[PDB]
Student: 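Structure below; questions to follow.
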Amino acid sequence: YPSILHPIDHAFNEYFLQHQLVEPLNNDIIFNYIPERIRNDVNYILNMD
Amino acid sequence: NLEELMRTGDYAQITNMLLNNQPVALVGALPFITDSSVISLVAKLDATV
Amino acid sequence: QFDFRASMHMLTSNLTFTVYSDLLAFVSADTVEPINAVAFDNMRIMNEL
């Protein structure tokens, strides 16, 4: 989008745009988010429905 | 073995085999429906359960 | 002084995405019957039955 910004304002907004904290999320990330020893425990059945 | 599957609750193998149409034999005391309809057999209902 | 050339920028971002917080809400977690729960050595936690 076009924007009108003072160079300082542009610097701040561009830093915000270029350094966002959101990462792509998928089922592999969530599966690895589970503690590794609970994923290997046969007493717990973990599924991605 | 259906007893082992029910005890452990891990359906990964059976799910993969059913999704991939891999011939298998589910072994265990099972109730069954008796169907005398020829049209039902032609319609292949036994494969839908 | 305000300069249009020095103030006009193109701000770039993504069109849309959904941010999630509770990753473990995407995990369907079940457990075996406690009678069948086993320890690290693959034997039942309580064997006196």
Side-chain angles (χ1 to χ4, degrees), chain A, chain B residues 1-33 35 39-49, chain C residues 1-46:
Chain A
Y1 291 97
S3 68
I4 302 295
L5 285 165
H6 184 87
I8 297 167
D9 305 338
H10 169 68
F12 275 100
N13 288 303
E14 185 201 54
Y15 191 84
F16 301 154
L17 285 165
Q18 299 267 320
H19 301 85
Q20 309 189 20
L21 298 177
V22 284
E23 316 277 24
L25 180 66
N26 49 75
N27 274 243
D28 172 277
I29 280 150
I30 293 161
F31 185 73
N32 273 92
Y33 186 67
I34 300 161
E36 195 274 316
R37 278 143 63 208
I38 287 153
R39 289 193 258 104
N40 264 70
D41 191 356
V42 301
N43 292 344
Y44 300 103
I45 305 97
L46 312 175
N47 289 97
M48 315 289 289
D49 306 332
Chain B
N1 192 254
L2 292 168
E3 179 179 353
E4 163 268 323
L5 175 54
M6 284 180 293
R7 189 177 59 253
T8 71
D10 178 51
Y11 283 70
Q13 165 166 6
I14 190 161
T15 302
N16 169 261
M17 289 194 83
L18 284 163
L19 282 175
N20 283 110
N21 303 330
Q22 292 171 335
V24 72
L26 309 181
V27 189
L30 280 168
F32 61 97
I33 302 170
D35 175 49
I39 296 302
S40 291
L41 172 61
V42 176
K44 300 162 170 291
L45 278 35
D46 64 342
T48 68
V49 311
Chain C
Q1 322 206 18
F2 168 88
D3 178 35
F4 189 89
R5 278 166 188 86
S7 314
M8 225 300 304
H9 308 96
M10 292 308 288
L11 304 191
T12 302
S13 85
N14 286 277
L15 171 53
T16 185
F17 47 65
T18 299
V19 192
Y20 294 95
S21 292
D22 196 358
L23 302 200
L24 283 170
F26 289 102
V27 190
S28 276
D30 200 16
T31 196
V32 300
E33 304 301 72
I35 194 75
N36 301 316
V38 299
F40 75 107
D41 65 339
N42 304 339
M43 300 291 105
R44 263 178 296 191
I45 292 157
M46 310 187 104

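Reminder, nothing fancy here: chain letters follow the sequence lines and each chain counts from 1.
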Student: Minimum heavy-atom separation for A:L46 to C:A29, with atom names?
Tutor: CD2-CB, 3.8 Å
Student: Roughly how far, to the nearest 0.5 Å, is the OH atom of B:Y11 from the CE atom of B:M6?
Tutor: 7.0 Å
Student: What are the two closest non-hydrogen atoms of C:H9 and A:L5, and how far apart are they?
Tutor: CE1-O, 3.6 Å
Student: Would you please classify the geometry between the C:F2 ring and the C:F4 ring as parallel, tilted or perpendicular, with 30° and 60° separating the classes?
Tutor: perpendicular
Student: Where do C:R44 and C:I35 come nearest, in terms of heavy atoms and distance?
Tutor: CD-O, 3.0 Å
Student: Does atom OH (A:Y33) have a neighbourhood of more than 12 heavy atoms from anything else shown, all under 6.0 Å?
Tutor: no
Student: Decide yes or no on side-chain contact (heavy atoms from CB on, under 4.5 Å) for A:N27 and C:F26, but give the supporting numbers first.
Tutor: CA-CA 8 Å; A:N27 274 243; C:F26 289 102; over 6 Å; no
Student: Would one find more than 12 heavy atoms of other residues, nucleotides or ligands at under 6.0 Å from atom CD of B:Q13?
Tutor: no
Student: Between B:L26 and B:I14, is there a side-chain heavy-atom distance shorter than 4.5 Å?
Tutor: yes
Student: Look up atom CG in A:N47 and atom OG1 in B:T15, then write down how far apart they are to the nearest 0.5 Å.
Tutor: 7.5 Å
Student: Determine the minimum heavy-atom distance between C:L11 and A:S3, stating which atoms define it.
Tutor: CG-OG, 3.2 Å
Student: Determine the minimum heavy-atom distance between B:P23 and B:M17, stating which atoms define it.
Tutor: O-CE, 3.5 Å
Student: Using a cut-off of 6.0 Å, state whether more than 12 heavy atoms not belonging to B:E3 lie near its atom CD.
Tutor: no
Student: Excluding sequence neighbours, so at least two apart, what forms side chain to side chain contact (heavy atoms under 4.5 Å, CB included) with C:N42?
Tutor: none
Student: Output side-chain donor-acceptor pairs under 3.5 Å for residues 36-45 of chain A, partner residues at least two apart or in another chain, one line each.
Tutor:
residue, atom, partner, partner atom, Å
A:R39, NE, A:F31, O, 2.6
A:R39, NE, A:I34, O, 3.1
A:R39, NH2, A:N32, O, 3.4
A:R39, NH2, A:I34, O, 3.2
A:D41, OD1, A:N43, N, 3.1
A:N43, OD1, C:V38, N, 2.9
A:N43, ND2, C:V38, O, 2.8

Student: Kindly check if the number of other-residue, nucleotide or ligand heavy atoms within 6.0 Å of CD1 (A:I8) is above 12?
Tutor: no
Student: For the atom pair CE (C:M8) and CG (C:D3), what is the distance rounded to the nearest 0.5 Å?
Tutor: 11.5 Å
Student: Should the heavy atoms of other residues, nucleotides or ligands under 6.0 Å from CE of C:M10 be counted, would the total exceed 12?
Tutor: yes
Student: Quick one: side chain to side chain donor-acceptor pair (under 3.5 Å) pairs with a partner in residues 14-40 of chain C, sequence neighbours left out?
Tutor: A:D49-C:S28
Student: To check you understand the geometry: which heavy-atom pair defines the closest contact between B:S40 and B:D35, and what is its length?
Tutor: CB-OD2, 2.9 Å
Student: Any donor-acceptor pair under 3.5 Å linking the side chain of A:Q20 with the backbone of A:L17?
Tutor: yes
Student: Is the CG atom of B:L30 crowded by more than 12 outside heavy atoms at less than 6.0 Å?
Tutor: yes
